[PDB]
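*Asks:* File model-v8.pdb follows (PDB, C-alpha atoms and all ligand atoms):
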ATOM      1  CA  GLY A 458      18.762  21.835   9.108
ATOM      2  CA  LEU A 459      20.643  22.653   5.812
ATOM      3  CA  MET A 460      20.964  18.834   5.096
ATOM      4  CA  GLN A 461      19.130  17.800   1.861
ATOM      5  CA  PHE A 462      18.970  14.119   0.876
ATOM      6  CA  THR A 463      19.898  13.765  -2.860
ATOM      7  CA  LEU A 464      19.719  10.568  -4.939
ATOM      8  CA  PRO A 465      21.835   9.603  -7.951
ATOM      9  CA  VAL A 466      20.543  11.292 -11.167
ATOM     10  CA  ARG A 467      18.599   8.272 -12.571
ATOM     11  CA  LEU A 468      16.726   7.795  -9.208
ATOM     12  CA  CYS A 469      16.302  11.582  -8.718
ATOM     13  CA  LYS A 470      14.441  11.701 -12.100
ATOM     14  CA  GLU A 471      12.703   8.258 -12.054
ATOM     15  CA  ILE A 472      11.386   8.532  -8.388
ATOM     16  CA  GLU A 473       8.931  11.261  -9.616
ATOM     17  CA  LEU A 474       7.222   8.737 -11.966
ATOM     18  CA  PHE A 475       4.380   6.408 -10.799
ATOM     19  CA  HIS A 476       6.154   3.262 -12.241
ATOM     20  CA  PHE A 477       9.432   3.847 -10.289
ATOM     21  CA  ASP A 478      10.909   0.606  -8.811
ATOM     22  CA  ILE A 479      12.900   1.231  -5.561
ATOM     23  CA  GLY A 480      15.469  -1.418  -6.617
ATOM     24  CA  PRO A 481      17.157  -4.324  -4.795
ATOM     25  CA  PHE A 482      19.567  -2.336  -2.501
ATOM     26  CA  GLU A 483      17.709  -2.487   0.869
ATOM     27  CA  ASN A 484      20.160   0.024   2.485
ATOM     28  CA  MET A 485      18.914   2.838   0.137
ATOM     29  CA  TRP A 486      15.164   2.462   0.962
ATOM     30  CA  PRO A 487      15.300   4.622   4.160
ATOM     31  CA  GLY A 488      17.125   7.396   2.242
ATOM     32  CA  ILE A 489      14.547   7.130  -0.607
ATOM     33  CA  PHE A 490      11.695   7.501   1.968
ATOM     34  CA  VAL A 491      13.358  10.538   3.676
ATOM     35  CA  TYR A 492      13.949  12.125   0.228
ATOM     36  CA  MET A 493      10.216  11.628  -0.459
ATOM     37  CA  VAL A 494       9.060  13.138   2.910
ATOM     38  CA  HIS A 495      11.418  16.194   2.474
ATOM     39  CA  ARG A 496      10.073  16.985  -1.087
ATOM     40  CA  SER A 497       6.392  16.095  -0.300
ATOM     41  CA  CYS A 498       6.074  17.721   3.178
ATOM     42  CA  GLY A 499       9.147  19.978   3.728
ATOM     43  CA  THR A 500      12.567  19.391   5.400
ATOM     44  CA  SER A 501      11.010  20.687   8.716
ATOM     45  CA  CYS A 502       7.935  18.289   8.877
ATOM     46  CA  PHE A 503       9.884  15.851  11.167
ATOM     47  CA  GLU A 504      13.095  16.090  13.265
ATOM     48  CA  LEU A 505      15.640  14.054  11.216
ATOM     49  CA  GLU A 506      17.059  12.133  14.297
ATOM     50  CA  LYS A 507      13.465  11.046  15.310
ATOM     51  CA  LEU A 508      12.380  10.203  11.719
ATOM     52  CA  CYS A 509      15.444   7.930  11.110
ATOM     53  CA  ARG A 510      14.908   6.200  14.498
ATOM     54  CA  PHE A 511      11.175   5.693  13.551
ATOM     55  CA  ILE A 512      12.040   4.362  10.011
ATOM     56  CA  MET A 513      14.528   1.855  11.492
ATOM     57  CA  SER A 514      12.001   0.671  14.201
ATOM     58  CA  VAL A 515       9.286   0.225  11.483
ATOM     59  CA  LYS A 516      11.764  -1.712   9.251
ATOM     60  CA  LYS A 517      12.654  -3.987  12.262
ATOM     61  CA  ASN A 518       8.872  -4.747  12.767
ATOM     62  CA  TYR A 519       8.337  -5.990   9.170
ATOM     63  CA  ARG A 520       9.081  -9.734   8.804
ATOM     64  CA  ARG A 521      11.000 -11.724   6.127
ATOM     65  CA  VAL A 522       7.908 -12.926   4.193
ATOM     66  CA  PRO A 523       7.933 -13.151   0.349
ATOM     67  CA  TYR A 524       5.578 -10.167  -0.316
ATOM     68  CA  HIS A 525       4.218  -8.267   2.771
ATOM     69  CA  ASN A 526       7.728  -7.102   3.743
ATOM     70  CA  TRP A 527       9.744  -3.880   4.157
ATOM     71  CA  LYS A 528      10.126  -3.502   0.317
ATOM     72  CA  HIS A 529       6.274  -3.511  -0.041
ATOM     73  CA  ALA A 530       6.042  -0.797   2.670
ATOM     74  CA  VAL A 531       8.437   1.595   0.842
ATOM     75  CA  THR A 532       6.851   0.738  -2.580
ATOM     76  CA  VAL A 533       3.321   1.636  -1.258
ATOM     77  CA  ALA A 534       4.755   4.893   0.245
ATOM     78  CA  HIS A 535       6.474   5.788  -3.080
ATOM     79  CA  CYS A 536       3.132   5.445  -5.012
ATOM     80  CA  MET A 537       1.430   7.658  -2.352
ATOM     81  CA  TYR A 538       4.372  10.130  -2.891
ATOM     82  CA  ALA A 539       3.712  10.273  -6.689
ATOM     83  CA  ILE A 540      -0.055  10.816  -6.057
ATOM     84  CA  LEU A 541       0.607  13.648  -3.531
ATOM     85  CA  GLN A 542       3.255  15.366  -5.790
ATOM     86  CA  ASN A 543       0.931  15.249  -8.905
ATOM     87  CA  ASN A 544      -2.026  16.691  -6.816
ATOM     88  CA  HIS A 545      -0.010  19.474  -4.996
ATOM     89  CA  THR A 546      -2.886  21.759  -3.883
ATOM     90  CA  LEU A 547      -5.656  19.229  -2.868
ATOM     91  CA  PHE A 548      -4.079  18.075   0.463
ATOM     92  CA  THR A 549      -3.577  19.624   3.932
ATOM     93  CA  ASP A 550      -0.163  19.786   5.727
ATOM     94  CA  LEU A 551      -1.425  17.010   8.125
ATOM     95  CA  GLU A 552      -2.605  14.685   5.286
ATOM     96  CA  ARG A 553       0.838  15.044   3.566
ATOM     97  CA  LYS A 554       2.587  14.151   6.934
ATOM     98  CA  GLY A 555       0.156  11.335   7.858
ATOM     99  CA  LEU A 556      -0.357   9.473   4.557
ATOM    100  CA  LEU A 557       3.356   8.663   3.771
ATOM    101  CA  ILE A 558       3.719   7.391   7.401
ATOM    102  CA  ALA A 559       0.428   5.452   6.982
ATOM    103  CA  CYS A 560       1.802   3.711   3.833
ATOM    104  CA  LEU A 561       5.190   2.844   5.456
ATOM    105  CA  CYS A 562       3.274   1.398   8.480
ATOM    106  CA  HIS A 563       0.199  -0.107   6.690
ATOM    107  CA  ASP A 564       1.387  -3.773   6.914
ATOM    108  CA  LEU A 565       3.494  -3.638  10.174
ATOM    109  CA  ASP A 566       4.175  -7.154  11.635
ATOM    110  CA  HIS A 567       2.340  -8.961   8.776
ATOM    111  CA  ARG A 568       2.844 -12.773   8.955
ATOM    112  CA  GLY A 569       1.989 -13.621   5.279
ATOM    113  CA  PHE A 570      -1.576 -14.783   6.163
ATOM    114  CA  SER A 571      -5.018 -13.355   5.220
ATOM    115  CA  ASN A 572      -7.572 -12.225   7.847
ATOM    116  CA  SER A 573      -9.485 -15.403   6.754
ATOM    117  CA  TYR A 574      -6.656 -17.759   7.839
ATOM    118  CA  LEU A 575      -6.291 -15.920  11.204
ATOM    119  CA  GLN A 576     -10.069 -16.541  11.792
ATOM    120  CA  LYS A 577     -10.007 -20.228  10.709
ATOM    121  CA  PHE A 578      -6.786 -20.877  12.746
ATOM    122  CA  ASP A 579      -8.436 -19.027  15.704
ATOM    123  CA  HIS A 580      -5.350 -16.784  16.139
ATOM    124  CA  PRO A 581      -5.585 -14.538  19.255
ATOM    125  CA  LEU A 582      -5.648 -11.438  16.928
ATOM    126  CA  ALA A 583      -9.030 -12.738  15.532
ATOM    127  CA  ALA A 584     -10.553 -12.612  19.096
ATOM    128  CA  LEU A 585      -9.161  -9.075  19.729
ATOM    129  CA  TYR A 586     -10.325  -7.718  16.260
ATOM    130  CA  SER A 587     -13.391  -9.405  14.587
ATOM    131  CA  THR A 588     -13.065  -7.422  11.264
ATOM    132  CA  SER A 589     -10.004  -5.984   9.434
ATOM    133  CA  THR A 590      -7.965  -8.184  11.856
ATOM    134  CA  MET A 591      -4.449  -7.591  10.468
ATOM    135  CA  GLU A 592      -5.242  -3.906   9.682
ATOM    136  CA  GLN A 593      -6.250  -3.100  13.290
ATOM    137  CA  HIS A 594      -3.010  -4.923  14.325
ATOM    138  CA  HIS A 595      -0.979  -2.789  11.795
ATOM    139  CA  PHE A 596      -2.385   0.511  13.247
ATOM    140  CA  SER A 597      -1.819  -0.836  16.821
ATOM    141  CA  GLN A 598       1.863  -1.566  15.944
ATOM    142  CA  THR A 599       2.176   1.989  14.467
ATOM    143  CA  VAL A 600       0.959   3.555  17.777
ATOM    144  CA  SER A 601       3.388   1.243  19.723
ATOM    145  CA  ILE A 602       6.396   2.418  17.666
ATOM    146  CA  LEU A 603       5.242   6.081  17.931
ATOM    147  CA  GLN A 604       5.274   5.676  21.788
ATOM    148  CA  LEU A 605       8.886   4.320  22.011
ATOM    149  CA  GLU A 606      11.286   6.934  23.502
ATOM    150  CA  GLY A 607      12.850   9.197  20.817
ATOM    151  CA  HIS A 608      10.258   7.999  18.180
ATOM    152  CA  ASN A 609       7.464  10.666  18.392
ATOM    153  CA  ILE A 610       7.929  12.221  14.915
ATOM    154  CA  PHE A 611       4.635  14.161  15.619
ATOM    155  CA  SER A 612       6.048  15.729  18.909
ATOM    156  CA  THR A 613       5.851  19.302  17.378
ATOM    157  CA  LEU A 614       2.065  18.933  16.562
ATOM    158  CA  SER A 615      -0.619  20.407  18.914
ATOM    159  CA  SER A 616      -2.768  18.017  21.013
ATOM    160  CA  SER A 617      -5.696  18.205  18.480
ATOM    161  CA  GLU A 618      -3.430  18.148  15.338
ATOM    162  CA  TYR A 619      -1.782  14.946  16.782
ATOM    163  CA  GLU A 620      -5.245  13.297  17.276
ATOM    164  CA  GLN A 621      -6.240  14.425  13.714
ATOM    165  CA  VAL A 622      -3.065  12.850  12.135
ATOM    166  CA  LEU A 623      -3.407   9.527  14.151
ATOM    167  CA  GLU A 624      -7.046   9.406  12.935
ATOM    168  CA  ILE A 625      -5.981  10.006   9.267
ATOM    169  CA  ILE A 626      -3.399   7.168   9.714
ATOM    170  CA  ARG A 627      -5.995   4.853  11.386
ATOM    171  CA  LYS A 628      -8.626   5.203   8.575
ATOM    172  CA  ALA A 629      -5.847   5.048   5.889
ATOM    173  CA  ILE A 630      -4.576   1.691   7.315
ATOM    174  CA  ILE A 631      -8.088   0.234   7.950
ATOM    175  CA  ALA A 632      -8.914   1.082   4.270
ATOM    176  CA  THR A 633      -6.101  -1.289   3.044
ATOM    177  CA  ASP A 634      -8.516  -4.145   4.018
ATOM    178  CA  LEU A 635      -9.518  -5.069   0.432
ATOM    179  CA  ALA A 636     -12.886  -6.452   1.782
ATOM    180  CA  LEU A 637     -13.775  -2.754   2.459
ATOM    181  CA  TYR A 638     -12.554  -1.469  -0.986
ATOM    182  CA  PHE A 639     -15.594  -2.703  -3.068
ATOM    183  CA  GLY A 640     -18.267  -0.710  -1.150
ATOM    184  CA  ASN A 641     -15.873   2.288  -0.778
ATOM    185  CA  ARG A 642     -15.285   2.508  -4.580
ATOM    186  CA  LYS A 643     -19.049   1.857  -5.332
ATOM    187  CA  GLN A 644     -20.078   4.832  -3.106
ATOM    188  CA  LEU A 645     -17.333   7.068  -4.669
ATOM    189  CA  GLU A 646     -18.529   5.971  -8.189
ATOM    190  CA  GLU A 647     -22.135   7.122  -7.407
ATOM    191  CA  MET A 648     -21.022  10.333  -5.569
ATOM    192  CA  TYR A 649     -18.819  11.411  -8.557
ATOM    193  CA  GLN A 650     -21.528  10.604 -11.219
ATOM    194  CA  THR A 651     -24.474  12.309  -9.347
ATOM    195  CA  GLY A 652     -22.091  15.316  -8.713
ATOM    196  CA  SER A 653     -22.544  14.997  -4.871
ATOM    197  CA  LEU A 654     -18.743  14.306  -4.370
ATOM    198  CA  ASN A 655     -17.506  17.231  -2.159
ATOM    199  CA  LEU A 656     -13.799  17.370  -0.995
ATOM    200  CA  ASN A 657     -14.868  19.719   1.921
ATOM    201  CA  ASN A 658     -17.097  16.913   3.341
ATOM    202  CA  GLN A 659     -14.605  15.154   5.756
ATOM    203  CA  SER A 660     -16.469  11.767   5.231
ATOM    204  CA  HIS A 661     -15.967  12.227   1.417
ATOM    205  CA  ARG A 662     -12.208  12.975   1.857
ATOM    206  CA  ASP A 663     -11.969   9.840   4.076
ATOM    207  CA  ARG A 664     -13.418   7.710   1.195
ATOM    208  CA  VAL A 665     -11.071   9.397  -1.382
ATOM    209  CA  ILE A 666      -7.987   8.778   0.887
ATOM    210  CA  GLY A 667      -9.310   5.189   1.263
ATOM    211  CA  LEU A 668      -9.266   4.753  -2.544
ATOM    212  CA  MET A 669      -5.719   6.253  -2.784
ATOM    213  CA  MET A 670      -4.602   3.673  -0.116
ATOM    214  CA  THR A 671      -6.057   0.796  -2.235
ATOM    215  CA  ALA A 672      -4.349   2.272  -5.372
ATOM    216  CA  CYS A 673      -0.963   2.527  -3.556
ATOM    217  CA  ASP A 674      -1.388  -0.977  -2.013
ATOM    218  CA  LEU A 675      -2.063  -2.579  -5.483
ATOM    219  CA  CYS A 676       0.645  -0.440  -7.307
ATOM    220  CA  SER A 677       2.642  -3.622  -8.220
ATOM    221  CA  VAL A 678       0.084  -3.901 -11.151
ATOM    222  CA  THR A 679       1.166  -0.359 -12.373
ATOM    223  CA  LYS A 680       4.900  -1.171 -12.808
ATOM    224  CA  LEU A 681       6.930  -2.135 -15.897
ATOM    225  CA  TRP A 682       5.948  -5.699 -17.018
ATOM    226  CA  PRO A 683       9.105  -7.470 -15.649
ATOM    227  CA  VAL A 684       8.476  -5.917 -12.156
ATOM    228  CA  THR A 685       4.733  -6.838 -12.239
ATOM    229  CA  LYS A 686       5.519 -10.395 -13.393
ATOM    230  CA  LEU A 687       8.241 -11.022 -10.708
ATOM    231  CA  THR A 688       6.149  -9.460  -7.861
ATOM    232  CA  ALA A 689       3.244 -11.831  -8.818
ATOM    233  CA  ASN A 690       5.653 -14.750  -7.925
ATOM    234  CA  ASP A 691       6.098 -13.278  -4.385
ATOM    235  CA  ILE A 692       2.330 -12.682  -4.050
ATOM    236  CA  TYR A 693       1.505 -16.343  -4.946
ATOM    237  CA  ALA A 694       4.397 -17.690  -2.735
ATOM    238  CA  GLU A 695       2.519 -16.263   0.294
ATOM    239  CA  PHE A 696      -0.942 -17.331  -0.991
ATOM    240  CA  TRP A 697       0.164 -20.941  -1.699
ATOM    241  CA  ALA A 698       1.893 -21.148   1.755
ATOM    242  CA  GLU A 699      -1.480 -20.072   3.238
ATOM    243  CA  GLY A 700      -3.252 -22.696   1.063
ATOM    244  CA  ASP A 701      -0.874 -25.367   2.436
ATOM    245  CA  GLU A 702      -1.818 -24.187   6.010
ATOM    246  CA  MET A 703      -5.585 -24.279   5.144
ATOM    247  CA  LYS A 704      -5.076 -27.935   4.014
ATOM    248  CA  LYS A 705      -3.183 -28.608   7.313
ATOM    249  CA  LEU A 706      -6.364 -27.461   9.229
ATOM    250  CA  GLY A 707      -8.465 -29.876   7.025
ATOM    251  CA  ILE A 708      -9.884 -27.186   4.620
ATOM    252  CA  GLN A 709      -9.873 -26.875   0.787
ATOM    253  CA  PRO A 710      -8.302 -23.433   0.151
ATOM    254  CA  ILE A 711      -9.879 -21.094  -2.478
ATOM    255  CA  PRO A 712      -8.213 -21.648  -5.922
ATOM    256  CA  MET A 713      -6.197 -18.342  -5.462
ATOM    257  CA  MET A 714      -4.240 -20.158  -2.680
ATOM    258  CA  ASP A 715      -4.040 -23.682  -4.168
ATOM    259  CA  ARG A 716      -0.517 -24.335  -5.625
ATOM    260  CA  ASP A 717      -2.081 -27.239  -7.632
ATOM    261  CA  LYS A 718      -3.824 -24.495  -9.729
ATOM    262  CA  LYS A 719      -0.443 -22.843 -10.728
ATOM    263  CA  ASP A 720      -1.302 -23.328 -14.463
ATOM    264  CA  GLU A 721      -4.430 -21.021 -14.073
ATOM    265  CA  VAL A 722      -2.431 -17.976 -12.707
ATOM    266  CA  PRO A 723      -2.734 -15.941 -15.950
ATOM    267  CA  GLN A 724      -6.583 -16.306 -15.858
ATOM    268  CA  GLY A 725      -6.642 -15.430 -12.080
ATOM    269  CA  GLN A 726      -4.618 -12.259 -12.860
ATOM    270  CA  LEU A 727      -7.233 -11.391 -15.607
ATOM    271  CA  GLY A 728     -10.076 -11.752 -13.067
ATOM    272  CA  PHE A 729      -8.100  -9.621 -10.550
ATOM    273  CA  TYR A 730      -7.292  -6.765 -13.040
ATOM    274  CA  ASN A 731     -10.987  -6.779 -14.250
ATOM    275  CA  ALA A 732     -12.674  -7.252 -10.789
ATOM    276  CA  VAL A 733     -10.295  -5.082  -8.673
ATOM    277  CA  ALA A 734      -7.351  -3.138 -10.215
ATOM    278  CA  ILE A 735      -8.984  -1.517 -13.324
ATOM    279  CA  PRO A 736     -12.127  -0.380 -11.429
ATOM    280  CA  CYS A 737      -9.787   1.032  -8.704
ATOM    281  CA  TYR A 738      -7.522   3.118 -11.024
ATOM    282  CA  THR A 739     -10.586   4.101 -13.229
ATOM    283  CA  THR A 740     -12.515   5.663 -10.241
ATOM    284  CA  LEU A 741      -9.222   7.212  -8.935
ATOM    285  CA  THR A 742      -8.450   8.837 -12.362
ATOM    286  CA  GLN A 743     -12.044  10.343 -12.485
ATOM    287  CA  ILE A 744     -11.673  11.831  -8.942
ATOM    288  CA  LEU A 745      -7.941  12.730  -9.382
ATOM    289  CA  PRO A 746      -7.179  13.225 -13.108
ATOM    290  CA  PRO A 747      -3.336  13.452 -12.819
ATOM    291  CA  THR A 748      -3.204   9.771 -11.524
ATOM    292  CA  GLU A 749      -4.141   8.573 -15.084
ATOM    293  CA  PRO A 750      -0.658   6.997 -15.611
ATOM    294  CA  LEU A 751      -1.574   4.334 -12.939
ATOM    295  CA  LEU A 752      -4.698   3.341 -14.984
ATOM    296  CA  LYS A 753      -2.707   3.357 -18.251
ATOM    297  CA  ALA A 754       0.092   1.197 -16.687
ATOM    298  CA  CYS A 755      -2.561  -1.183 -15.166
ATOM    299  CA  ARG A 756      -4.253  -1.632 -18.598
ATOM    300  CA  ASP A 757      -0.782  -2.294 -20.171
ATOM    301  CA  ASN A 758      -0.117  -5.143 -17.629
ATOM    302  CA  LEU A 759      -3.680  -6.566 -18.188
ATOM    303  CA  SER A 760      -2.797  -6.705 -21.893
ATOM    304  CA  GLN A 761       0.520  -8.479 -20.933
ATOM    305  CA  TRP A 762      -1.442 -11.216 -18.979
ATOM    306  CA  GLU A 763      -3.771 -11.701 -22.029
ATOM    307  CA  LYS A 764      -0.572 -12.254 -24.124
ATOM    308  CA  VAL A 765       0.600 -14.920 -21.604
ATOM    309  CA  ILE A 766      -2.755 -16.779 -22.010
ATOM    310  CA  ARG A 767      -2.518 -16.630 -25.890
ATOM    311  CA  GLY A 768       0.935 -18.381 -25.762
ATOM    312  CA  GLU A 769       2.781 -15.129 -26.922
ATOM    313  CA  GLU A 770       4.795 -15.344 -23.593
TER     314      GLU A 770
HETATM  315  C1  LIG A 801      -1.135  -6.428  -6.432
HETATM  316  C2  LIG A 801      -2.004  -7.649  -6.135
HETATM  317  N1  LIG A 801      -2.725  -7.680  -4.932
HETATM  318  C3  LIG A 801      -3.547  -8.810  -4.644
HETATM  319  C4  LIG A 801      -4.339  -8.793  -3.332
HETATM  320  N2  LIG A 801      -3.628  -9.903  -5.596
HETATM  321  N3  LIG A 801      -4.334 -11.109  -5.622
HETATM  322  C5  LIG A 801      -4.033 -11.837  -6.736
HETATM  323  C6  LIG A 801      -4.626 -13.181  -7.021
HETATM  324  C7  LIG A 801      -5.524 -13.126  -8.304
HETATM  325  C8  LIG A 801      -6.181 -14.483  -8.450
HETATM  326  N4  LIG A 801      -5.519 -15.566  -8.756
HETATM  327  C9  LIG A 801      -6.391 -16.540  -8.759
HETATM  328  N5  LIG A 801      -6.038 -17.923  -9.022
HETATM  329  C10 LIG A 801      -6.951 -18.797  -9.608
HETATM  330  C11 LIG A 801      -6.116 -20.046  -9.893
HETATM  331  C12 LIG A 801      -4.743 -19.561 -10.098
HETATM  332  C13 LIG A 801      -4.772 -18.112  -9.660
HETATM  333  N6  LIG A 801      -7.612 -16.080  -8.481
HETATM  334  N7  LIG A 801      -7.474 -14.786  -8.317
HETATM  335  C14 LIG A 801      -8.542 -13.855  -7.983
HETATM  336  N8  LIG A 801      -3.140 -11.089  -7.492
HETATM  337  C15 LIG A 801      -2.907  -9.906  -6.762
HETATM  338  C16 LIG A 801      -2.095  -8.734  -7.044
HETATM  339 CL1  LIG A 801      -1.235  -8.762  -8.560
HETATM  340 MG    MG A 802      -2.287  -5.334   4.324
HETATM  341 ZN    ZN A 803      -0.112  -3.855   1.717
END
Could the structure of this file be written out as structure tokens, please?
*Replies:*
Amino acid sequence: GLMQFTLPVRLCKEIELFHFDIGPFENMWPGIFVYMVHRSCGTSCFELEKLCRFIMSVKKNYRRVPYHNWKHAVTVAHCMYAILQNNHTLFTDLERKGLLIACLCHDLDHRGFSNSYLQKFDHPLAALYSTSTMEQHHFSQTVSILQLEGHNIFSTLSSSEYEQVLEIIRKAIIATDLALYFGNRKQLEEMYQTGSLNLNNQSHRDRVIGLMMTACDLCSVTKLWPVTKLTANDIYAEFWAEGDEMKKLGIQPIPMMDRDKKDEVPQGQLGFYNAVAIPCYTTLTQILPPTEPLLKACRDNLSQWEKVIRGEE
């Protein structure tokens, strides 16, 4: 009850910044997450014994893939933490509770393969879930872990509060399907510009939380250049493995996933920052001004990929 988590001074200061890197010591990531929940939500949001048991069951259900692993989960939750802390007053007690859990859980039991490869392989998950295949699986795994004995971190919530939080988590996780991001951001663009955007309209909040989820999920592009550069290697290691598997089924993979097109990575990153990342952090900064550092950091890394193309590294 009187048991604060405290981090070493450098982490205690740096964890408050958008560009924080959680570092290579796996054994500190649970503590970092609890620290974030305590400061973001209160020390009485979850029973500590239940939270720790939940964190360790979630960790166990992430797999040893190059990118979509336990480190990604805690990284996406840290970015959500920075957004919530820099926008104190705009979020309900239930949203604060739900969204950090959503981020930790948003890629549960990921195998390193796109929804596309599941559908072309004809994986059972593609028959159970026609769209946002992995994302419906991720939510389904979250509910499973929540239903293990000793794991209901929401046990103190009322019946209707519980249903509200599981519904926040469900939409949050569905929204991490990047196929859905384009239309979601387009609608938010128009709603902001025509002045119709209304944070009391629950369907408008949903969209805004959806954009935050995309922003947190892509936050590797908002880190210090050496972090961004080295994460890109993990991202392509999965993509190229998938491309290999596409070829195994007798299919030319998209260039993104073809390891023969290694040499064109810098140009593919350009496309990605221009088509996806910059639009994402732009629209988020307009709706939530204190998230500007994510846009600024994104632009800095775009400029670093331009330098790679021009032979300056
Ligand atoms: C955080 C993050 N999240 C995602 C989902 N992605 N996807 C990419 C691939 C970008 C891309 N590469 C290519 N290739 C063309 C030939 C060589 C490369 N095309 N495209 C579009 N990068 C990222 C990042 Cl950084
Ligand atoms: Mg995902
Ligand atoms: Zn993710």
*Asks:* Let me know the residues the PyMOL selection byres (((chain A and resi 542-555) around 10) and not hetatm) catches in the file above, as a count of residues only.
*Replies:* 42
*Asks:* Neighbouring residues of segment 667-678 of chain A were defined as those with any atom within 9 Å, considering only C-alpha atoms; residues of the same chain fewer than 6 positions away were excluded. Please report them as a ChimeraX atom specification.
*Replies:* /A:475-476,529-530,532-537,540,556,559-560,563,628-635,638,641-642,645,684-686,688-689,730,734,737-738,740-741,751,754-756,758-759
*Asks:* Expressed in Å to a single decimal, how great is the separation between atom CA of residue 504 of chain A and atom CA of residue 594 of chain A?
*Replies:*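 Spanning atom CA of residue 504 of chain A to atom CA of residue 594 of chain A is a straight-line distance of 26.5 Å.
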*Asks:* Which one is closest to ligand MG 802 (chain A): A:579, A:564, A:471, A:483? Count only C-alpha atoms and all ligand atoms.
*Replies:*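 Of A:579, A:564, A:471, A:483, the one nearest ligand MG 802 (chain A) is A:564, counting only C-alpha atoms and all ligand atoms.
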*Asks:* Please extract the residues at most 6 Å from ligand LIG 801 (chain A), counting only C-alpha atoms and all ligand atoms, and provide them as a ChimeraX atom specification, using the chain letters and residue numbers of this document.
*Replies:* /A:675,677-678,689,712-713,718-719,721-722,725-726,728-729
*Asks:* Write out the residues from the selection above, keeping C-alpha atoms, as an mmCIF file, in the frame of the given file.
*Replies:*
data_model
loop_
_atom_site.group_PDB
_atom_site.id
_atom_site.type_symbol
_atom_site.label_atom_id
_atom_site.label_comp_id
_atom_site.auth_asym_id
_atom_site.auth_seq_id
_atom_site.Cartn_x
_atom_site.Cartn_y
_atom_site.Cartn_z
ATOM 1 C CA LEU A 675 -2.063 -2.579 -5.483
ATOM 2 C CA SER A 677 2.642 -3.622 -8.220
ATOM 3 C CA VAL A 678 0.084 -3.901 -11.151
ATOM 4 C CA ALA A 689 3.244 -11.831 -8.818
ATOM 5 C CA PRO A 712 -8.213 -21.648 -5.922
ATOM 6 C CA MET A 713 -6.197 -18.342 -5.462
ATOM 7 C CA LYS A 718 -3.824 -24.495 -9.729
ATOM 8 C CA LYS A 719 -0.443 -22.843 -10.728
ATOM 9 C CA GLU A 721 -4.430 -21.021 -14.073
ATOM 10 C CA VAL A 722 -2.431 -17.976 -12.707
ATOM 11 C CA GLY A 725 -6.642 -15.430 -12.080
ATOM 12 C CA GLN A 726 -4.618 -12.259 -12.860
ATOM 13 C CA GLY A 728 -10.076 -11.752 -13.067
ATOM 14 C CA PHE A 729 -8.100 -9.621 -10.550
#
*Asks:* Just want the 9 Å neighbourhood of residue 757 of chain A, counted on all atoms listed in the file, with same-chain residues fewer than 4 positions away dropped. Output as a ChimeraX atom specification.
*Replies:* /A:679,681-682,752-753,761
*Asks:* Check which residues satisfy the PyMOL selection byres (((chain A and resi 523) around 8) and not hetatm) in the file shown, then give them as a PyMOL selection string.
*Replies:* chain A and resi 521-522+524-526+569+691-692+694-695
*Asks:* Where does the PyMOL selection byres (((chain A and resi 601) around 12) and not hetatm) land in this file, that is, which residues does it pick, as a PyMOL selection string?
*Replies:* chain A and resi 511+514-515+518+562+565-566+594-600+602-606+608-609
*Asks:* Can you spit out the residues from that selection as a PDB file, in the coordinates of the input, using C-alpha atoms?
*Replies:*
ATOM      1  CA  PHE A 511      11.175   5.693  13.551  1.00  0.00           C
ATOM      2  CA  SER A 514      12.001   0.671  14.201  1.00  0.00           C
ATOM      3  CA  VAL A 515       9.286   0.225  11.483  1.00  0.00           C
ATOM      4  CA  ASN A 518       8.872  -4.747  12.767  1.00  0.00           C
ATOM      5  CA  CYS A 562       3.274   1.398   8.480  1.00  0.00           C
ATOM      6  CA  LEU A 565       3.494  -3.638  10.174  1.00  0.00           C
ATOM      7  CA  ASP A 566       4.175  -7.154  11.635  1.00  0.00           C
ATOM      8  CA  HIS A 594      -3.010  -4.923  14.325  1.00  0.00           C
ATOM      9  CA  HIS A 595      -0.979  -2.789  11.795  1.00  0.00           C
ATOM     10  CA  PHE A 596      -2.385   0.511  13.247  1.00  0.00           C
ATOM     11  CA  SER A 597      -1.819  -0.836  16.821  1.00  0.00           C
ATOM     12  CA  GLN A 598       1.863  -1.566  15.944  1.00  0.00           C
ATOM     13  CA  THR A 599       2.176   1.989  14.467  1.00  0.00           C
ATOM     14  CA  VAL A 600       0.959   3.555  17.777  1.00  0.00           C
ATOM     15  CA  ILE A 602       6.396   2.418  17.666  1.00  0.00           C
ATOM     16  CA  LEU A 603       5.242   6.081  17.931  1.00  0.00           C
ATOM     17  CA  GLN A 604       5.274   5.676  21.788  1.00  0.00           C
ATOM     18  CA  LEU A 605       8.886   4.320  22.011  1.00  0.00           C
ATOM     19  CA  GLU A 606      11.286   6.934  23.502  1.00  0.00           C
ATOM     20  CA  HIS A 608      10.258   7.999  18.180  1.00  0.00           C
ATOM     21  CA  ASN A 609       7.464  10.666  18.392  1.00  0.00           C
TER      22      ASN A 609
END
